[PDB]
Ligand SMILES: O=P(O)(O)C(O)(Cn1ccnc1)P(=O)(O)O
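Next up: just one chain, as structure tokens, the form deposited without the named molecule.
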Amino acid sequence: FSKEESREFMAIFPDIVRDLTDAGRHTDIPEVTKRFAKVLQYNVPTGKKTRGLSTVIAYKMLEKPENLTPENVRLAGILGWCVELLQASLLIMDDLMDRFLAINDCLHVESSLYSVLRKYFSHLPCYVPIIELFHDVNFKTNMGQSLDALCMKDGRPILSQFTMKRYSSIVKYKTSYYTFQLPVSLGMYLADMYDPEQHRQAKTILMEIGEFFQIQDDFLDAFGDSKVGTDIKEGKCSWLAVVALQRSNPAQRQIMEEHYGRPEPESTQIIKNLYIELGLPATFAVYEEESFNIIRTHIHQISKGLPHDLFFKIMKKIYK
């Protein structure tokens, strides 16, 4: 993302806060409105904002050059901030589950994106497709979070649940829909691209990119150079654990059963030692090459009048 893109995007955030905390309306509840301004200011604008900026990039690469006015690029930025409000509601739910922030702040921040959509988009043709997309992505993300939770019982990982089929479903529902599909489908709708076949072709490639993203992330959690990775300690349904269980003989399976998802640092080292023994680094190297090649092929094959450069830009951001 360019300096211009990053700065124009960040310039919108203070307007979003004023919009949601009823600036100019003279509210009967100033103390709780002032608190909500702090909830937004403290939790929404501080990250890398990759999902929000991806919404702007998608719109710029899908729209006709002649329709790329400062006004339309700003609307794309506002949609990007709606994605970042959803991201913030999900990160807040994570902070609450890990332990100023109240439990209902995640519901409140999620609800706030619909107020922003109504303010800026209610008179445009893309309004109902956009609100229906957010509704559907919200429901699917909740299904993904619940599927992830069904891999744990009484504080212990259920290793029988750690299948590649279940892993692929968790990544798709919990992460890929809101992280990869939502920004691109928002860009398409703002560019008045409603063709189901176009949305379907984009979704197919973006779910593939999303799966590589999460597998790379899972690999680096254990084998990256250090934040310090806690997936093993937390008993997470990670690609490493799924492939470990595929490759394990009964003795190796017993090591996973005894030491996976334990608080003792020694147990994390025992699992890392097993991942090394099982050749998960070499397996990841093969997956990375084969997955990159398949995704590059599918992007080159993209039809229905969709631009390739958008998907290559997204892919190159993940693989580098």
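Heads up: residue numbers just count along the shown sequence, starting at 1. In this text, rigid core is short for the largest set of C-alphas that superpose within 1.5 Å between two forms.
Beyond the structure shown, there is the form deposited with the named molecule bound, which is absent from this document and is the topic of what follows.
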| message | Suppose contact means a heavy atom within 4.5 Å; in the deposited bound form, does that hold for all of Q145, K174 and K227 with the named molecule? | response | yes
Exactly one listed stretch (71-79, 157-165, 210-218, 192-200) reaches within 4.5 angstroms of the named molecule in the deposited bound form by non-hydrogen atoms, and it is 210-218
Partner-free chain; cross-checking the named molecule in the deposited bound form, the single residue of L150, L91, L101, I131 with a heavy atom within 4.5 Å is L91
Taking 4.5 angstroms as the cut-off for heavy atoms, does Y178 touch the named molecule in the deposited bound form? yes
*Using a 4.5 Å heavy atom cut-off, state whether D231 contacts the named molecule in the deposited bound form.*
yes
Against the rigid core, is the Cα displacement of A11 between the shown form and the other one at least 2 Å? no
